[PDB]
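Chemist: Opening piece of the complex, as it sits:
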Amino acid sequence: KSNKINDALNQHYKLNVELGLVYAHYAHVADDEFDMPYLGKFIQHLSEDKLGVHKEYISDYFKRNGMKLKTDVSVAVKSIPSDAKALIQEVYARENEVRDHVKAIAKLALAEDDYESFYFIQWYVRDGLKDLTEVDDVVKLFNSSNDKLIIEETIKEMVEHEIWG
Amino acid sequence: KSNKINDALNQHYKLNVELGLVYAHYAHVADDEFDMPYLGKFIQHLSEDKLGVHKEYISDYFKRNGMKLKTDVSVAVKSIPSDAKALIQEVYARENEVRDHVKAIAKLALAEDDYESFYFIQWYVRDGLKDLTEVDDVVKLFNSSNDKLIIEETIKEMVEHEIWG
């Protein structure tokens, strides 16, 4: 059992918990302040994704290989973006960092010859791009229409691939 | 819109987020270290309950009445109980404090003549006792059997009322 991999996956657990809490807030704001209930529903689904299987897969993995789970959570949402476009744009930036963190864990697993963790992280390698694509498909509506309700309608159909999930 | 009620419900949101994160950890430990997968499943369900509708009902309420959501989360799980009995016993203590916090919000709503918040909190008044009963039904198995697998089997049937939900 690799201590560097244990640390990196504990880091990734933390990231998914805190991110999901930030998105929970961002979802509330999307509906309440920006008056976009469907954008909020899209961001709530991202939040429950991060606080669900993104963290559960790590703790299930630890039960199996002997690694230690660490719960150290610190998050405060102290400024909100100014409009809805900025808000989804901020989600996108956060999801791009996910792909960076995930790529670091994959590199580390190969360096440690941890092939069970390289296998395990392949899920996150794939989901890193899928969640970014979904967010990106939304950031793009704001560049195609000046009408919130046109955008809102298009998001709704998004909520209501053999390689990328 | 009452600022004291806004503050108390932001406090209760925080409590449910942090508690659910603690239970997520306690669930991992119940299965991994104490070798009780069904107790973990019981505690995972409590965790998803706290991090789900317990926090969502508060933020939905705020969208409607004008109150402000605050996300300020700080939780670290720095010691684990020594055995499974102690672990569920600690969950019970935490759920008893829930009923205390909930009773304070109900008292406050009447004092502020906030009848929409008194109505809104009635759910939490009821769920405060129901979640405590469920936890209590588990703490009690540990006083009735010295056999982990007997207990484990009984918990399983718990996972697989017109007043209390």
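Modeler: The structure has been received and is ready for your questions. Numbers count the residues shown, from 1 in each chain, chains lettered A, B, ... in the order given.
Chemist: From now on I want contacts and neighbour counts done on CA atoms only, so please keep to that.
Modeler: Noted.
Chemist: what's the longest helix in chain A?
Modeler: Longest helix in chain A by number of residues, with DSSP state H as the criterion: helix A:3-32.
Chemist: Now do the next helix or strand after that one against helix A:3-32, angle only.
Modeler: Heading C-terminal from helix A:3-32, the first helix or strand you meet, by DSSP states H and E, is helix A:37-49. If you take axes from the mean of the first three to the mean of the last three CA atoms, to 10 degrees, helix A:37-49 sits at 160 degrees to helix A:3-32.
Chemist: now for helix A:37-49, which elements pack on it?
Modeler: Using 3 or more CA pairs under 8 Å, 6 or more residues apart in numbering or on different chains; DSSP states H and E as the contact test, the elements touching helix A:37-49 are helix A:3-32, helix A:148-159.
Chemist: Quick check: buried residues in the last one?
Modeler: Think helix A:148-159. A:151, A:152, A:155 (16 or more other CA atoms under 10 Å in any protein chain shown).
Chemist: Stretch A:99-113 too?
Modeler: For stretch A:99-113, burial by neighbour count (16+ other CA under 10 Å) applies to A:99, A:101, A:102, A:103, A:105, A:106, A:108, A:109.
Chemist: Contacts only, for the second one.
Modeler: When the contact criterion is CA atoms under 8 Å, 6 or more residues apart in numbering or on different chains, the partners of residue A:101 are residue A:12.
Chemist: Helix, strand, or coil at it?
Modeler: helix (DSSP: H, G, I helix; E, B strand; the rest coil).
Chemist: Please report how far it lies from residue A:107.
Modeler: 10 Å (CA to CA, to the nearest Å).
Chemist: can you list the residues of chain A near chain B?
Modeler: A:21-22, A:25, A:28, A:31-32, A:59-60, A:63, A:69-77 (CA under 8 Å from any CA of the partner chain).
Chemist: try it again with 7 Å
Modeler: By the rule CA under 7 Å from any CA of the partner chain, the part of chain A lying against chain B is A:25, A:28, A:32, A:59, A:63, A:71, A:72, A:73, A:74, A:75, A:76, A:77.
Chemist: let's bring in chain C now:
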Amino acid sequence: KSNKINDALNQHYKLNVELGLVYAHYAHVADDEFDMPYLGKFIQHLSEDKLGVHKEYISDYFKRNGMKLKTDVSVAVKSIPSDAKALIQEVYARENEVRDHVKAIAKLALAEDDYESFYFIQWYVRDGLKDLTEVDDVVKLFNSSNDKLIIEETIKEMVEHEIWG
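Modeler: Take a look at chain C, now in place beside the chains above:
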């Protein structure tokens, strides 16, 4: 976004387009000149496979990661093999080169620490062997029978694995 990976996958796109066009022709010839309609049907299915998802997966990948699609196609079918055995034997040689090209992209993704492209190419790593096995199962009929219609019948049942697809 890696420029060497962008170039290699643009190369692989080109290969699949041009190959599929060659097989389209080889399928026509299998039925018209060699009087083997089912061998043609087998080779038509390979052609539509190459000109379908083999190229679509690359362009879908580029939409997601930012890489640039390049369409530069040059193919002329200037000599046909002399008999049906030679024809399927030539398909086999072409599919063996696919596995070589695919292995080069996998090696490159690891060298560039492009783990999303290493994941993405795993599909092609697997399909490289599967398409070669299918072709090989046909090249083998021609070593087991001197009778075109016996072979034709066996191919027909081929048209009418948990690791290899």
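Chemist: Repeat for the buried residues of stretch A:99-113, accounting for chain C.
Modeler: By neighbour count with 16+ other CA under 10 Å, stretch A:99-113 contains the buried residues A:99, A:101, A:102, A:103, A:105, A:106, A:107, A:108, A:109.
Chemist: Around the nearest residue to the third one once chain neighbours are set aside, count how many other residues there are.
Modeler: In this case it means residue A:102. Nearest non-adjacent residue to residue A:102, counting by CA to CA, 6 or more residues apart in numbering or on different chains: residue A:125, 6.2 Å away. Counted with other CA atoms under 10 Å in any protein chain shown, residues neighbouring residue A:125 total 27.
Chemist: residues in contact with residue A:125?
Modeler: Taking CA atoms under 7 Å, 6 or more residues apart in numbering or on different chains as the criterion, residue A:125 is in contact with A:102, A:103, C:115, C:116.
Chemist: and if we set it to 8 Å?
Modeler: Applying CA under 8 Å, 6+ apart, the residues near residue A:125 are A:99, A:102, A:103, A:106, C:115, C:116, C:119.
Chemist: Next: residue A:10.
Modeler: Here residue A:10 is in contact with A:69, A:70 (CA under 8 Å, 6+ apart).
Chemist: Now do it against residue B:101, distance only.
Modeler: For residue A:10, the distance to residue B:101 - CA to CA - is 32 Å.
Chemist: How about the residues of chain A by chain C?
Modeler: A:103, A:106, A:107, A:122, A:125, A:126, A:129, A:133, A:163.
Chemist: Name the SS class of the nearest residue to the third one once chain neighbours are set aside, please.
Modeler: Think residue A:107. Nearest residue to residue A:107, sequence neighbours excluded (CA to CA, 6+ apart): residue C:113, at 6.9 Å. Secondary structure for residue C:113, judged by three-state DSSP, is coil.
Chemist: what's the spacing between residue C:113 and residue C:20?
Modeler: Distance from residue C:113 to residue C:20, by CA to CA: 31 Å.
Chemist: try residue A:141
Modeler: 36 Å.
Chemist: what does residue A:140 give?
Modeler: 34 Å.
Chemist: ok, these two, which is more surrounded?
Modeler: Neighbours around residue A:140 and residue C:20, counted as other CA under 10 Å, are more numerous at residue C:20. The numbers are 23 against 14.
Chemist: Put this one in as chain D:
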Amino acid sequence: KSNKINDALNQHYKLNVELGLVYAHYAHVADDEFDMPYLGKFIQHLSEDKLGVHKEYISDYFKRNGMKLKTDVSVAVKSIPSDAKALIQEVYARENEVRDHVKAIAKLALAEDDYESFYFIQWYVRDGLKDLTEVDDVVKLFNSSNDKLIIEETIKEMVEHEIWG
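Modeler: Alright, chain D goes in next:
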């Protein structure tokens, strides 16, 4: 078997292969750069139409009447239109040339007294106008709305006649 008709239909085969490859690219661009996934889906369907039955009907015809298939493909997509309107406008121009090429083959079949090829081309005479109408119904959305997502929505319903097919 007419050599002038063999040549003209080999020319038309080439046209459909190369066109379909251009549209495959134009479809990628419609979604990736112009942020119009449904326009891309419309153009992908045109691409698979051209690289499918438009070329297969010619090669099936050749099997029957004795004509020779020639595969000589050269296409490079070296400039893309500047916006989505221009892009579908370019598809339209290309489809108008199809009707010109098809009309030349029909005229030639009558001049050669090739009534099987005059019959055979009637399909292409009809499809020449149908594909142009479909493209035209899309070029027209861009003259009726300044909103990409309004247009995108209308295209979607187009994707989701007793004379013209």
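Chemist: The buried residues of helix A:148-159 again please, chain D included this time.
Modeler: A:150, A:151, A:152, A:154, A:155.
Chemist: rewinding a little: gap between the longest helix of chain A and the chain center?
Modeler: Distance of helix A:3-32 from its chain centroid, counting by CA atoms, centre = their mean, to the nearest Å, is 7 Å.
Chemist: Which positions in it come out as buried?
Modeler: A:5-6, A:8-10, A:12-32.
Chemist: returning to what we had before: now for the buried residues of helix A:148-159: which two are most distant?
Modeler: Spatial extent of these (CA to CA) is set by the pair A:150 and A:155 at 8.8 Å.
Chemist: Phi, psi for residue A:73 please.
Modeler: Main-chain torsions, residue A:73, degrees, to the nearest 10: phi -110, psi 130.
Chemist: To clarify, my last question referred to residue A:70.
Modeler: Backbone torsions of residue A:70, given as degrees, to the nearest 10, read phi -120, psi 130.
Chemist: which ones are touching it?
Modeler: Residue A:70 neighbours (CA under 8 Å, 6+ apart): A:10, B:25, B:77.
Chemist: from these, which is closest to chain C?
Modeler: Nearest to chain C among the contacts of residue A:70 is residue A:10, at 20.4 Å by CA to the nearest CA.
Chemist: quick one on the thing from earlier: with distance to chain D as extra columns, can I get the contacts of residue A:70 in CSV?
Modeler: Listed next are these as CSV, based on distance: CA to the nearest CA, whole Å:
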residue, distance to chain D
A:10, 35
B:25, 42
B:77, 45
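Chemist: so residue A:13 sits right up against residue A:52, yeah?
Modeler: No - using CA atoms under 8 Å, residue A:13 is not in contact with residue A:52, being 10.5 Å away.
Chemist: Can you tell me the element residue A:75 falls in?
Modeler: According to DSSP H and E, residue A:75 maps onto strand A:72-76.
Chemist: helices and strands around that strand, which ones?
Modeler: Strand A:72-76 packs on helix A:3-32, strand B:72-76, going by 3+ CA pairs under 8 Å, 6+ apart.
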